[PDB]
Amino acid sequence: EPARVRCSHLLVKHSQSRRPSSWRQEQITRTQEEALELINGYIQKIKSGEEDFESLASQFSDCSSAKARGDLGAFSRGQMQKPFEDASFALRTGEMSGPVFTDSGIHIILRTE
C-alpha cells in the first residue's frame, strides 16, 4: 500500500446529505433514490464511452473539487471519511469505483496515482 493515493471523484448530494447544498445548487432537492440513479447513469455512460469521468465531474459534481475536474489531490489514511478512504485505497491507478456512500452523499472515484 502506498502512503498516499491521488484520486478524482464525482459527488452527487441529496436532500438527506450532511450538507445539502453545493457550488452549483443552493439547496439540494433530489431524493437519495434520484442521486443513486444519477450515479449509476454516470457509471454506465463512462463504461460505454459516451461520457468522460473528468468532464462529468467538472459539470455535475456537488463537491467544489468540480473546478479541478474532480481532482482531490493526494491523501493518506485517516483524512477522508472511512468508506471513501477504503474504496480509494482498494482501486488500482486508472480504475473507477462503483457507488460509494459517505455522509456527504454518493460518489464514484477514479484513482489517478
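Just count from 1 along the sequence shown to find any residue number.
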Problem - Lowest, middle or highest third - CA B-factor, residue 91 - result: middle
Exercise for the section: Could you say whether, by C-alpha temperature factor, residue 14 belongs to the lowest, middle or highest third of its chain? Expected result: lowest
Fill in the blank from the handout: Of the three thirds of the chain ranked by Cα temperature factor, residue 22 occupies the highest
Fill in the blank from the handout: residue 57: C-alpha B-factor third of its chain, per the entry, is the middle
Handout entry: B-factor third for the C-alpha atom of residue 64 within its chain
Key = middle
